[PDB]
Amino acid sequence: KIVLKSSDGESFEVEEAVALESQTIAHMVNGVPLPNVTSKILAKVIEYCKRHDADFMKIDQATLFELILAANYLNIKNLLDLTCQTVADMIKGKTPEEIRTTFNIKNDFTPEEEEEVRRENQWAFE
């Protein structure tokens, strides 16, 4: 077993191969502190790392949000993929203004630049 210390100061005991799924953990090497992952999130990460997923991702946006970031921070390649596919599939079929709804992005194109690009994309790239 290794123990893992959330950012919240609480403590997770996982057996040896589960913790090592994270290259970020592997390469710190009492009990491993994790300043950039909550417990909530470190919980979910641990189910995944145990299982290994589908309704697992049957989660909500702000939460995926955080799952990505931690799969990145922990370097857990499988999970980065899976949560990455999953954000992709929300992009696809969708328009800019809907993507930039679904996502809280502010448009920082001028009128003029946005048309030049559309513009380029349509006349020359599709």
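All residue numbers are counted from 1 along the displayed sequence.
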| query | finding |
| --- | --- |
| Other entries lacking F12, at least a third | yes |
| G31 left out of the model in a third or more of other PDB entries | yes |
| Count class of coordinate-free deposited residues lying between the neighbours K40 and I41 | none |
| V29-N30 interval: deposited residues absent from the model | 4 to 9 |
| Residue range whose averaged C-alpha B-factor is higher in the record, 19-27 or 6-14 | 19-27 |
| Higher-scoring stretch by recorded Cα B factor average, 87-95 or 31-39 | 31-39 |
| Maximum C-alpha temperature factor, selected from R100, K58, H52, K44 | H52 |
| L82 - Cα temperature factor, lowest/middle/highest third of chain | lowest |
| Position of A62 among the chain's modelled residues by C-alpha B-factor, lowest, middle or highest third | middle |
| Among modelled residues of the same chain, the CA temperature factor third for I76 | highest |
